[PDB]
Number of protein chains: 4
Amino acid sequence: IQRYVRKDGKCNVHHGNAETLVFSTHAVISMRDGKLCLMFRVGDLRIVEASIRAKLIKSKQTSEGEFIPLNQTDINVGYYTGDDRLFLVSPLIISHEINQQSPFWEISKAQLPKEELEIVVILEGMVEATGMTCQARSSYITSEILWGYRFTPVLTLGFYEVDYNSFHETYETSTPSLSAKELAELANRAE
Amino acid sequence: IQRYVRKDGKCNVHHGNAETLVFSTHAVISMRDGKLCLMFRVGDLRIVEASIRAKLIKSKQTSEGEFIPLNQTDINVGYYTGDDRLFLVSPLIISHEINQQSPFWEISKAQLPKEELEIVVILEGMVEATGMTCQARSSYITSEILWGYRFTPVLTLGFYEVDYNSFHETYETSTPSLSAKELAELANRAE
Amino acid sequence: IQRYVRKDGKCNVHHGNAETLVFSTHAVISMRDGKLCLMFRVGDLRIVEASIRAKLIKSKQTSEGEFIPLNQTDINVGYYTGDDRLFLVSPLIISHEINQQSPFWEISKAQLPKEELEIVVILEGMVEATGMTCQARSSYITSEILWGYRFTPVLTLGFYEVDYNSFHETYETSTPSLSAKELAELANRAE
Amino acid sequence: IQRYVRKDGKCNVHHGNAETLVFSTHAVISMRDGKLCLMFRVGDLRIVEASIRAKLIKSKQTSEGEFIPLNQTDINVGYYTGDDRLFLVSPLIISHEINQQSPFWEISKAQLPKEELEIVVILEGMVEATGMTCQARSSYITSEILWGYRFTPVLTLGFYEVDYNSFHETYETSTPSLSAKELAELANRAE
């Protein structure tokens, strides 16, 4: 029985091939555990208070008729479950469940071609060798979030190996084109 | 497509004209997305664990007949959504939704002239160049929160420019004079 | 209009008479805003991430018949509202609302003479002059929590002065002798 | 009346017999306060922001038919009550209540022999002598979580002594073999 973490804490991972492996180049939207999800991958420069946060940047007009040049809307990535405090040894695909509280609630494969936004990702977590306070950030514009895609796995096992050549790799999978909001609407009247 | 944040994290912002641009001189109360909101602006001395908190300081007599010289009441500014963890590159207008849980629940344009309070704002966030732990504070007395006002935008775009000459600038906009509490009461009997 | 905090953040407080003024010597239980409350006072060695936490230490037998020598039970002091992140310039009386989720739910003035417990208080908050990480702790045994008592105020105003000679001072006030649990039971059948 | 913590904060504990006493060698599952609970013990290398987090590592196939080599699922250990911020002077047995939100919801004494998983525990808390940022980790594979076991106590009292020779010691106690999920199902139809 090959364990991932030793009783004394040492991780049994083998990493195998510039900060190009910190964040995946694209993010995707697809189904996982019955939910449409915004996903992107996180690695390392290769977890002391390692926390992740995501914001949606976009222009929008409020119902009051006010135009907001660049408004920030939160993107729940675990803050409500502690899942945002990452145990970050091997690559992790961060998941944002699209629900009625999400800024992507009414985003559909069709609306994506019209919408213009920017998902900013911020990772903070004191370093391993100095415990120093560092922050890495990334961004995903509208054209960098792939609807109907899924990430290829990077972990396998006589070592627990990470294949970083597939870090940024995704592929298409049958996915409804509807937005979660349209889905709740359909099911309600297609029931 | 000019992006706000580069794939490697660098921000594409141009700041353009003493810590006078950290907090806006006044705060305002007006409608945003269907809700009466207490708002004030945040900038920088020009975000590692950049967090904001707001407290309402005021004297009050409890129902037990006890007079509290200076009582502190919390002012929700995102603690319940993670929105209080700021991504603070360009100016941000902090929003406090006035609801049944807010200390301003029954504050009306009329009561404002009678009430006496002090909103203290506290910003904490390790610095960029040393990652050091710093804290900036500000205050807004009753006469410094403008009912029926809205902040002028400061961002525009071939750069993403911040015009700090309008940082403290606000203007009047038609706003109901009622307190959120009176509003729920009216709607209930004006329905 | 004398303000508590200046626009630039400086506090306008005058402190006036060994770490004897960090925590009040006793804690009390009495009514505030219609709720029976456990209270104790916090000062300073005279707030960068200044947070407070309270635990109840006591022996107890679980319903499974297991005797727990020293069990720790949480004492909510604002963790669910952000109120536990203290803005700590002048003395503050920490409040623990006794409800169905509190370990003191069924504690009555009568049971107090029988019960044996220990409320441990832990304060953490990077220091002002170095921003260093410090922690101060205190304890209140059963005989150090005064039922039917209230703390004397310490703040007044041409300065905003703190009189630390009354820091530890409390006095008796008419208070129901019932536990919050008995109170909900009475009201239910005395309605 | 021997108190656990002095008024000035000093702890009145006597520790009595390599980092072998940081985490208990096994974890157990048994009943405490009417709930089936995953438990393990925490000690010290012998609490400034001392926080604990637990993750469940395992392979799983999503309903979409996707095989996840090593998926991480959160294990609630107090994040929703503040109980995860440990006051860590004497040994503490961390408790994870198995409910509908837990990854062990449907784990039974029978399924345990079939299941393969890994509970990773991560403890973070600035040190006492330097206030430095340290992290200790441990792991419990499926064969290291004992169903129907309970930990022996380690505390007693003319000192408040910790007997670390029983730190890792557990014993069997009558415990239902059903998973919490089967239990809710039984009670529903055995009512």
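As deposited, the entry is annotated with X-ray crystallography as its determination method and 2.302 Å as its resolution.

## Focus: the overall build of chain A
Each helix and strand in chain A was counted, giving one helix and 13 strands. From first element to last, N terminus to C terminus, chain A shows the α and β order β-β-β-β-β-β-β-β-β-β-β-β-β-α. Taken along its principal axes, the extent of the C-alpha atoms in chain A is 55 × 35 × 30 Å.

## Concerning the interface of chain A and chain B
Facing the 28 residues of chain A at the interface are 30 residues of chain B. Among the secondary structure elements, those contributing two or more residues to the side of chain A that touches chain B are β4 (48-61), β5 (67-75), β7 (118-126) and β8 (135-141) of chain A. Across the side of chain A that touches chain B, the residue classes break down as nine nonpolar, nine polar and ten charged.

## Notes on empty space enclosed by the protein
All names here are of chain A. What the largest cavity holds in volume is close to 30 Å³. Along its surface, the largest cavity is lined by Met31, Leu36, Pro176, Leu178, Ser179, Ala180 and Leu183. Each residue belonging to the lining of the largest cavity can be placed in one class, and the counts come to six nonpolar, one polar and no charged.

## Comments concerning the relation of the copies chain D and chain A
In summary, the two copies of the chain are related to each other by a rotation about an axis coupled with a shift along it. For the pair chain D and chain A, the superposition axis carries a translation of 0.0 Å, the fit reaches an RMSD of 0.0 Å, and the rotation angle comes to 90 degrees. What we have between these two chains is a four-fold relation. Using C-alpha coordinates, one finds that chain D approaches the rotation axis most closely at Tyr80 of chain D, a distance of 6.3 Å. Counting the interface residues of chain D, we find that no more than 4% of their copies in chain A are interface residues as well, pointing to two distinct contact surfaces.

## Here's the deal with the interface of chain D and chain A
At the junction of the two partners, chain D supplies 28 residues and chain A supplies 30 residues. Only β4 (48-61), β5 (67-75), β7 (118-126) and β8 (135-141) of chain D provide two or more residues apiece to the side of chain D that touches chain A.

## Describing the pairing of β7 of chain A
Residues and elements named next belong to chain A. The buried count for β7 comes to eight of nine residues, which makes it a mostly enclosed element. Across eight bridges, the pairing between β4 and β7 is antiparallel. Bridged to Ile52 within β7 is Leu123. Here β7 pairs with β8 via seven bridges, running antiparallel. Within β8, the residue paired with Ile122 across the bridge is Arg137.

## Things to note about the side chain of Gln135 of chain B
Along the chain, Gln135 of chain B turns up in strand β8 (residues 135-141). Side chain to side chain, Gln135 of chain B and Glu124 of chain B meet in a polar contact 2.9 Å long. Within polar-contact distance, the side chain of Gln135 of chain B engages the side chain of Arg137 of chain B at 2.7 Å. Ignoring any residue separated from it by four or fewer positions in sequence, one finds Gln135 of chain B in contact with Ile122, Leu123 and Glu124 of chain B together with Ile47 and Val48 of chain C.

## Some remarks on the environment of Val28 of chain B
Residue and element names in this part refer to chain B. Note that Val28 resides in strand β2 (residues 27-32). Relative accessible area serves as the criterion here: at 0%, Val28 is assigned to the buried category. C-alpha of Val28 to C-alpha of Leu45: the two residues are 17 residues apart in sequence and 22 Å apart in space. In this structure, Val28 is in contact with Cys37, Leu38, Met39, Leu146, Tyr149, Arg150, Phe151 and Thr170, ignoring residues within four places of it in sequence.

## Section: the environment of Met132 of chain B
Residues and elements named next belong to chain B. For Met132, the position within the fold is in the loop between β7 (118-126) and β8. For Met132, a relative accessible area of 46% puts it in the partly exposed group. Expressed as a C-alpha distance, the spacing of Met132 and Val48, which sit 84 residues apart in the sequence, is 9.2 Å. Each residue touching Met132, except ones within four places of it in the same chain, is listed here: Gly125, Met126 and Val127.

## Regarding the packing of aromatic side chains
In total, this model carries twelve aromatic pairs over all chains according to the counting rule given. Between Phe40 of chain B and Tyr140 of chain B, the aromatic rings sit 5.6 Å apart at their centres with planes inclined by 40 degrees, giving tilted as the arrangement. Across this residue pair, the class does not change: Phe40 of chain B and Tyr140 of chain B are buried. A cation over a ring is seen here: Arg46 of chain A above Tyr164 of chain A, with NZ or CZ 4.8 Å from the ring centre. One residue, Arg41 of chain D, lies across the ring of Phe167 of chain D, its end atom 5.6 Å from the ring centre.

## Overview of the pairing of β5 of chain A
Residues and elements named next belong to chain A. Two strands pair when backbone bridges link them, and β4 and β5 are joined in this way by seven bridges, in the antiparallel orientation. Of the residues in β5, the one forming a bridge with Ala54 is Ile75. Hairpin connection, β4 to β5: the antiparallel pair is bridged by five residues, and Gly65 has positive phi, about 85 degrees.

## Considerations on the environment of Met31 of chain D
Mapped onto the secondary structure, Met31 of chain D falls in strand β2 (residues 27-32). The spacing of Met31 of chain D and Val42 of chain D is eleven residues in sequence and 19 Å in space, taken between C-alpha atoms. Setting aside chain neighbours within four positions, we find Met31 of chain D in contact with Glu64 of chain C together with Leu36, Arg150, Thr175 and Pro176 of chain D.

## Considerations on the arrangement of the chains
Separated without contact, chain A and chain C have their nearest C-alpha atoms at a distance of 13 Å. No part of chain B reaches chain D; the closest C-alpha pair between them is 13 Å apart.

## Examining the sheet that holds strand β9 (residues 145-147) of chain B
Residues and elements named next belong to chain B. One open sheet holds the four strands; their spatial order is β6-β3-β2-β9, and the pairing between them is mixed. Looking at strand neighbours, the two that pair on one side only are β6 (92-97) and β9, the edges of this open sheet. Taking the axes of each pair of neighbouring strands and ignoring which way they run, one obtains an average angle of 40 degrees across the sheet. Inspection of the sheet shows β2 paired to β9 by three bridges, in the parallel sense. Considered in β9, the bridge of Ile29 is made with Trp147.

## Considerations on unusual backbone geometry
The backbone of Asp33 of chain B sits at a positive phi, close to 50 degrees, despite the residue not being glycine. With respect to the element layout, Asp33 of chain B can be found in the loop between β2 and β3 (35-42). With a relative accessible area of 33%, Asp33 of chain B lands in the partly exposed category. In this model, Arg46 of chain D sits at a positive phi of 65 degrees, which is unusual for a non-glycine residue. By the secondary structure assignment, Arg46 of chain D is in the loop between β3 (35-42) and β4.

Conventions we followed
- Residues numbered from 1 in each chain as written, not as in the entry; some residues may be left out.
- Chains lettered and ligands numbered in written order.
- Heavy atoms only, no water.
- Residues with missing side-chain atoms left out of burial classes, pairs and counts.
- Helix = DSSP H or I, 4+ residues; strand = E, 2+ residues; numbered from the N terminus.
- Contact = heavy atoms within 4.5 Å.
- Nonpolar A, V, L, I, M, F, W, Y, C, P; charged D, E, K, R; others polar.
- 1 Å grid on protein atoms, 1.4 Å probe; cavity = no way out; pocket = protein on both sides within 12 Å on 5 of 7 lines; lining within 4 Å.
- Points joined across faces, edges and corners; volume = space filled by probe spheres on them.
- Least-squares fit on C-alpha atoms.
- Buried < 20%, exposed > 50% of the residue type's maximum accessible area, 1.4 Å probe, protein only.
- Pairing = 2+ DSSP bridges.
- Polar contact = N/O pair within 3.5 Å; in protein donor to acceptor, adjacent residues only side chain to side chain.
- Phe/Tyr/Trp six-rings, centres within 6.5 Å; stacked < 30°, edge-to-face > 60°.
- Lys NZ or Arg CZ within 6 Å of the ring centre and 35° of its normal.
- Axes fitted to C-alpha atoms, helices over the stretch in contact; angles between N-to-C directions.

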